[PDB]
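J.: Sequence below, structure please.
(6 chains, ligands or ions: 6)
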Amino acid sequence: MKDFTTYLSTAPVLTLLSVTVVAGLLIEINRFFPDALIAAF
Amino acid sequence: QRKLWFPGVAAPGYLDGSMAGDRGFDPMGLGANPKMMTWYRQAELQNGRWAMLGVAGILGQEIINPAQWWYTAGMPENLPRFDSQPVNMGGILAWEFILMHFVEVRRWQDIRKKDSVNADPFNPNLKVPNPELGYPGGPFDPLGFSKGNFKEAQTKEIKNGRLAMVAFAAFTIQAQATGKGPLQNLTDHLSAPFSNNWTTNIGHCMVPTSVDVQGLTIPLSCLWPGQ
Amino acid sequence: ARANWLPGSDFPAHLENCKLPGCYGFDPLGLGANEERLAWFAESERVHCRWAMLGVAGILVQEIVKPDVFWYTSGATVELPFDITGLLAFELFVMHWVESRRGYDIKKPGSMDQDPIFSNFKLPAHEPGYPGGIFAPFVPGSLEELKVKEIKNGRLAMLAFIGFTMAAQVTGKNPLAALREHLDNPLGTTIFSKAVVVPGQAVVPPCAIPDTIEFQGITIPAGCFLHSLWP
Amino acid sequence: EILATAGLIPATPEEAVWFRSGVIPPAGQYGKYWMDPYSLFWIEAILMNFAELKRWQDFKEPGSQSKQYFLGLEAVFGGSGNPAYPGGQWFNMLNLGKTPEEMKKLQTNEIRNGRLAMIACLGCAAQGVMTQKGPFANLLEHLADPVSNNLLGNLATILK
Amino acid sequence: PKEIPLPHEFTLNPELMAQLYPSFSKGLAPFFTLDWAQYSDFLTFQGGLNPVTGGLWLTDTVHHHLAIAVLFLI
Amino acid sequence: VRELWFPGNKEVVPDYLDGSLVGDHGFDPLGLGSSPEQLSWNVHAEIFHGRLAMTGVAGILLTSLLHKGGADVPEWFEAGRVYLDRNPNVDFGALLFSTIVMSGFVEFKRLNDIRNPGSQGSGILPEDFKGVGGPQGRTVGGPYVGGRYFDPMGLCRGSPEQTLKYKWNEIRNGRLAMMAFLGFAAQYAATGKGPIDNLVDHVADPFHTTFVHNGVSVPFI
Ligand code: CLA
Ligand code: CLA
Ligand code: CLA
Ligand SMILES: CC(/C=C/C=C(C)/C=C/[C@@]12O[C@]1(C)C[C@@H](O)CC2(C)C)=C\C=C\C=C(C)\C=C\C=C(C)\C=C\[C@@]12O[C@]1(C)C[C@@H](O)CC2(C)C
Ligand SMILES: CC1=C(/C=C/C(C)=C/C=C/C(C)=C/C=C/C=C(C)/C=C/C=C(C)/C=C/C2=C(C)C[C@H](O)CC2(C)C)C(C)(C)C[C@H](O)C1
Ligand SMILES: CC1=C[C@H](O)CC(C)(C)[C@H]1/C=C/C(C)=C/C=C/C(C)=C/C=C/C=C(C)/C=C/C=C(C)/C=C/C1=C(C)C[C@H](O)CC1(C)C
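T.: Numbers count the residues shown, from 1 in each chain, chains lettered A, B, ... in the order given. Ligands and ions are numbered 1, 2, ... in the order given. You can find the structure just below:
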């Protein structure tokens, strides 16, 4: 376990995981708030 | 011991021959624990005595009341009457439940801790002199048939109990397959054995798929899926 | 050897050498294992015994004198000399006073023993839950034997009151009425006749007390304890 | 099949055939079991998982299965040296072959009969595909006309 | 396609195949008798393309695979 | 030693799962609790899951038994929507927020128990919420919080044997309740009735009412 979590902290896996999380977040934001051209508040 | 259940079988280590009627059986290793061995001897004694009572009941009823099938003799329509109280299986079960509960809790507390519930609850001076578990004696042996060879008579009782247990299994299967009484079955097979054997008679369930008891529906069964 | 709840059994450990009256070595669940909790539970048992004695005696007498009133429903069908709101408030205040005093007395023994109004009047020193003095004018017999008698009667009274409630739920009539109903046909009035379950069918008795009741406009959700869970 | 052909059991001999018993539903079925075949397989899977997993863990650890509780059954699960012959209190109830030489002789009996039965089972499956009848029916129809009812004669009509 | 018999139905009874390819009515007897020419209705040597599909005859590919399987076993 | 989830096979995970924890039978074939810190976290999680599933399954069982006496109670799988319909003045967002805020207060209390085992029995709370410790040799905190408030009737104060027996009862019933709730969800997905409804359907006709006959388990039948 400790070594498995160390493996999950490696740059190859953590980078890929973070890119996946940020990509998913942008995809969700664009799915619910689409076609937003300006910061209309 | 001496002779075992099978000719060349090897008696187990724990089956020395101390307990009565022990023929070096137990091929399933169930009595390898002395605690469970005592429990199972008590259970065998109870089952054997109750089976003696049941088989005696079947035979005596069927010779005295031949027109009544023992299997269905518990249905309320078949109940012999003594006074004018309306029939009610719920009512009858209250007596049996409560009384059997008392007597069986007494027996249970004997089993749990031997020689602990031998005296009357009301007169703590009348005690039962039970030499062993499952053999209380005293009032339960009022005619005094003990005192003599206790081990020989213990073997008598236990071997008759095993015989009656297998005989009641026989009675249940014969009733469910044939639908007739036990001695009726014997007289039946004595006439045309070639067509009145366990063959043909097996595979048929002479039991209704359910019964109704004054509005209560019981699903019944057969012990084997034979229909 | 001694008096046992199950002849032939042994006592646990806390219940061995009791000073509480009625110690027959019960507690099959170990609630009195602790020793503060044991005293608290002893006081709880005593007050339950006494309240249930009063309850069962009141129900029996009220049934004897006014057979046309159902004890269960009698709370709403009795015609009060006062109102129901102020009556409950008076109840609340008086019972708060007396019950708080008793509870504190149990908590710390040498406490709630002095009359507030009159300084000179004061309860003589007593064991918890047995005040005595003004509370015990006449004492018919030895105190320990009478404590045992009270405990036995209280056990029987609590069982009897739960039976009262249940018969009222399933039979719908007052206790002695239910006894007369059972005595004309003992085979047929027992719960084994009224209810029964088998794999494939369940026969349960209906609840005579209705789902709701009407009282001065509002409805009190007075059903039948827990239906469907009846056998 | 022999019991149906003898007429002792109530099933036509073309229905008491082993592969028409519900093991292969496309090849036939006997829809009169007290449960449907899949539920019988469920109970089979659970019970055989117990039996076979206990057998395997006795093979790996040659003495275990007799230490942990099992309703008192653990008394007969000690096993022996060779895992293929545990012969404890139950697996060798009758205590047969009390001589190691006689034990070897009986072991050779068991293995020769077992190899014969392997060949027989493979043959029965192949005949069932090849003739679409029962093994006993195949034997009887071969003894009827040996020259025409054989492997070579049946080569034209194989799944008909 | 929803009316065509499922593949196991074709596989398990030579009746349907016999109605489609008559040599299946003789079974494997021609094979073990070396009278293999009788299998010419599904073991063809035609070449070219099927006019309806634009692909090779599946009988030709059947024969091809049988032949090269034998050749590789050798 | 003790009883294992697999008689024999002493290749149970190395001795971080020795016979010390309550409910310990050496079941960690996937190694999810190997390191001690993760093991402590997992012990907390298992006890909490067992208790919460015990509560949920008891509620589901009782609500499905009431829904069989005709009482105006919905089934467990439709109680949320039924309530939202019958009480139209409540807002889903409000109820969901309030549940997350009130659950959050007590769950932050439990969290800061896990971080510092004895730190929560001080300040506003008295000292009984300090915890009695338990697993891993800790003598304070843990999933077992004694005192007169979480153990009012004192059923584990006094008699260490009795405390161990009750701990074993709790853990085994919690594991059973978790398996039972998984069964509830699976049966509801496969059949579409309540739990007690399924039980009485099965006992009424034990055959033809197995998992094979529902058409979702064995997908083709
Ligand atoms: C409820 C019935 C019952 C019970 C509890 C026992 C219990 C016992 N028997 Mg006993 N026995 C019985 C019935 C029973 N027997 C019958 C009917 C016979 C006549 C065949 C015998 C003949 C017999 C002999 C010769 C010996 C014993 C012995 C023993 C003791 C050692 C065996 C053991 O430890 O395993 C415990 C056994 C059980 C827990 C029984 C379980 C039954 C399983 C669960 C179901 C099996 C179904 C059954 C095979 C179907 C029967 C019907 C069929 C006959 C048509 C033990 C105390 C030995 C002994 O005397 O010990 C000192 C011994 O020598 N028994
Ligand atoms: C003809 C086949 C055959 C033969 C010759 C043997 C021979 C042997 N087996 Mg084996 N066995 C067989 C089939 C056979 N087995 C099958 C099919 C199974 C799977 C169920 C097993 C499973 C098995 C196990 C697990 C073990 C043995 C063991 C043994 C050895 C013990 C000695 C013995 O009892 O001999 C056997 C004598 C005979 C086979 C002749 C009898 C032939 C009849 C037809 C048997 C019918 C059974 C009977 C009617 C059922 C009721 C009898 C009983 C319940 C009262 C021995 C060399 C034990 C061992 O190795 O000890 C160390 C051992 O552990 N056998
Ligand atoms: C979330 C619930 C939960 C949690 C946190 C734990 C945690 C723990 N259990 Mg445990 N257990 C549970 C449920 C749970 N259990 C249930 C329901 C059962 C009944 C089968 C058991 C039976 C059991 C036994 C017999 C033993 C343990 C043991 C342990 C401890 C060591 C194993 C370990 O750390 O792995 C950690 C486990 C997890 C982190 C859970 C991960 C689950 C995976 C990721 C999902 C797959 C599970 C499930 C089948 C998927 C369904 C999802 C989907 C189909 C809807 C540990 C503290 C051992 C012990 O000694 O205790 C001290 C031991 O002996 N458990
Ligand atoms: C939390 C829980 C249940 C809680 C239920 C709740 C709150 C129910 C709430 C409500 O119902 C009410 C009351 C009323 C309803 O109207 C509304 C809802 C809202 C529905 C169950 C968890 C249920 C959790 C389950 C079943 C988990 C199973 C875990 C297993 C089997 C793990 C085993 C192993 O992990 C080990 C131990 C070791 C590893 O190495 C190997 C493997 C094999 C992974
Ligand atoms: C990390 C983790 C968790 C969670 C930890 C978290 C995230 C804690 C903090 C949580 C917070 C700040 C939650 C805030 C939630 C706000 C919610 C849920 C608002 C809900 C309202 C909705 C979805 C809409 C309602 C409408 C309704 C239907 C009617 C209309 O008028 C319209 C409209 C307003 C759209 C849990 C699961 C709880 C447990 C823990 O073990 C693990
Ligand atoms: C030994 C051993 C050990 C090893 O190890 C294992 C093994 C092998 C398993 C084993 C074996 C076992 C066995 C055999 C068993 C069996 C048993 C039995 C039979 C019982 C019965 C038993 C039986 C019984 C109880 C019975 C009883 C009966 C009765 C009551 C009856 C009653 C009645 C009568 C009178 C009449 C009426 O009208 C009806 C009724 C009401 C109904």
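J.: Relative to ligand 4, which residue of chain A is the closest?
T.: residue A:1 (10.3 Å; C-beta to the nearest ligand atom). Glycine gets a C-beta too; all of them are placed from N, C-alpha and C.
J.: how close does that residue get to ligand 1?
T.: For residue A:1, the distance to ligand 1 equals 45 Å [C-beta to the nearest ligand atom, to the nearest Å].
J.: wait, doesn't that residue sit right on residue F:28?
T.: No: between residue A:1 and residue F:28 there is no contact under C-beta atoms under 8 Å: 10.0 Å.
J.: now check stretch C:203-214, is it near chain B?
T.: Yes: contact of stretch C:203-214 with chain B (C-beta under 8 Å from any C-beta of the partner chain) involves residue C:203.
J.: Flag every buried residue along that stretch.
T.: C:204-205, C:209, C:213 (16 or more other C-beta atoms under 10 Å in any protein chain shown).
J.: Just the element for the residue lying closest to the residue of chain A closest to ligand 4 once chain neighbours are set aside, please.
T.: Leaving aside its sequence neighbours, residue A:1 sits nearest to residue F:34 (C-beta to C-beta, 6 or more residues apart in numbering or on different chains; 4.3 Å). Secondary structure assigned from DSSP states H and E places residue F:34 in neither a helix nor a strand.
J.: Check the one 10 residues further on too.
T.: Element membership of residue F:44 [criterion: DSSP H and E] is helix F:36-66.
J.: on that earlier part again, distance-wise, check the residue nearest to residue A:1 relative to ligand 4.
T.: Applying C-beta to the nearest ligand atom to residue F:34 and ligand 4 gives a distance of 10 Å.
J.: now swap in residue C:159 and tell me
T.: Here the criterion is C-beta to the nearest ligand atom. By it, residue C:159 lies 34 Å from ligand 4.
J.: need the helices for chain D, in chain order.
T.: Listed in chain order, the helices of chain D (DSSP state H) span D:2-5, D:37-60, D:100-131, D:135-144.
J.: Quick check: closest non-adjacent residue to whatever residue of chain D ends up closest to chain F.
T.: Proximity of chain D to chain F (C-beta to the nearest C-beta) peaks at residue D:64, 3.4 Å away. Spatial nearest neighbour of residue D:64, excluding adjacent residues (C-beta to C-beta, 6+ apart): residue F:8 at 3.4 Å.
J.: Residue 11: how many residues sit nearby?
T.: Since you didn't name a chain, this refers to chain A. 7 (other C-beta atoms under 10 Å in any protein chain shown).
J.: switch to chain C, that's the one I care about
T.: Residue C:11: 17 neighbours (other C-beta under 10 Å).
J.: same deal with residue C:163?
T.: Residue C:163: 13 neighbours (other C-beta under 10 Å).
J.: That one belongs to a helix?
T.: Yes: applying DSSP: H, G, I helix; E, B strand; the rest coil, one finds residue C:163 inside a helix.
J.: Contact partners for it?
T.: Contacts for residue C:163 (C-beta atoms under 8 Å, 6 or more residues apart in numbering or on different chains) come out as residue C:175.
J.: now the nearest residue to residue B:8 once chain neighbours are set aside: how far from residue D:58?
T.: Closest residue to residue B:8 apart from its sequence neighbours, by C-beta to C-beta, 6+ apart: residue D:95 at 5.7 Å. Applying C-beta to C-beta, to the nearest Å, the value for residue D:95 to residue D:58 is 21 Å.
J.: who has more neighbours, these two?
T.: Neighbours of residue D:95 and residue D:58, each counted by other C-beta under 10 Å, are more numerous for residue D:58; the result is 20 against 15.
J.: Which parts of chain E are helices?
T.: With helices called from DSSP H, chain E shows them at E:7-12, E:14-20, E:29-32, E:58-73.
J.: same question, chain F
T.: If DSSP H is used as the criterion, the helices of chain F fall at F:36-66, F:79-86, F:92-115, F:160-190, F:195-204.
J.: so the second one versus helix F:36-66, what angle?
T.: Okay, so that is helix F:79-86. For helix F:79-86 against helix F:36-66, the angle by axes from the mean of the first three to the mean of the last three C-alpha atoms, to 10 degrees is 50 degrees.
J.: and helix F:79-86, is it in reach of ligand 5?
T.: No: judged by C-beta under 6 Å from any ligand atom, helix F:79-86 stays clear of ligand 5, getting no closer than 8.9 Å.
J.: how distant is that helix from the center of its chain?
T.: 25 Å (C-alpha atoms, centre = their mean, to the nearest Å).
J.: Could you identify the longest helix within chain A?
T.: From DSSP H, the single longest helix across chain A is helix A:11-32.
J.: That one close to ligand 5?
T.: No: shown here: helix A:11-32 not in contact with ligand 5 (C-beta under 6 Å from any ligand atom), separated by at least 11.8 Å.
J.: returning to what we had before: tell me the spacing between the residue nearest to residue D:64 and residue B:219.
T.: Residue F:8 is 42 Å from residue B:219, by C-beta to C-beta.
J.: Tell me which of these two has more neighbours.
T.: Comparing residue F:8 with residue B:219 by other C-beta under 10 Å, the one with more neighbours is residue F:8, at 20 against 16.
J.: Okay, the residue of chain B found nearest ligand 4 and residue F:1: tell me how far apart.
T.: For chain B and ligand 4, the shortest gap (C-beta to the nearest ligand atom) falls at residue B:33, measuring 31.0 Å. Separation of residue B:33 from residue F:1 (C-beta to C-beta) stands at 20 Å.
J.: Neighbour count: those two, which is higher?
T.: Set residue B:33 next to residue F:1 and count neighbours by other C-beta under 10 Å: residue B:33 wins out with 16 against 9.
J.: Residue nearest the middle of chain F, spatially speaking?
T.: Central residue of chain F (C-alpha atoms, centre = their mean): residue F:50, 2.1 Å from the mean position.
J.: residues in contact with that one?
T.: Neighbour list for residue F:50: F:170-171, F:173-175, F:177-178 [criterion: C-beta under 8 Å, 6+ apart].
J.: repeat that for 6 Å
T.: Shown in contact with residue F:50 (C-beta atoms under 6 Å, 6 or more residues apart in numbering or on different chains): residue F:174.
J.: And it, how close does it get to residue F:34?
T.: Counting by C-beta to C-beta - residue F:50 and residue F:34 are separated by 21 Å.
J.: re the thing from before, more neighbours: residue A:1 and residue F:28, which one.
T.: Shown here are residue A:1 and residue F:28; by other C-beta under 10 Å, residue F:28 has more neighbours (19 against 15).
J.: ok, the more buried one touching residue F:13?
T.: Yes: counting by C-beta atoms under 6 Å, residue F:28 does reach residue F:13; the two are 4.6 Å apart.
J.: For stretch B:34-41, buried residues please.
T.: B:37-38, B:41.
J.: meant to ask about stretch C:19-31
T.: For stretch C:19-31, using 16+ other C-beta under 10 Å, the buried residues are C:20-25, C:27, C:30.
J.: Repeat that for stretch F:178-187.
T.: So stretch F:178-187, judged by 16+ other C-beta under 10 Å, has buried residues F:178, F:180-181, F:184, F:187.
J.: what do you get for stretch C:6-15?
T.: C:6-8, C:11, C:14-15.
J.: swap in stretch B:114-134?
T.: Applying a neighbour-count criterion of 16+ other C-beta under 10 Å, one finds B:116-118, B:128, B:130, B:133-134 buried in stretch B:114-134.
J.: thinking again about what came up before, and the residue nearest to residue A:1, how many residues sit next to it?
T.: As a burial measure, residue F:34 scores 18 neighbours (other C-beta under 10 Å).
J.: Next: residue C:89.
T.: Neighbours around residue C:89, by other C-beta under 10 Å: 11.
J.: tell me the contacts of the residue of chain E found nearest chain F?
T.: Closest approach between chain E and chain F, counting by C-beta to the nearest C-beta: residue E:6, at 13.5 Å. By C-beta under 6 Å, 6+ apart, no residues touch residue E:6.
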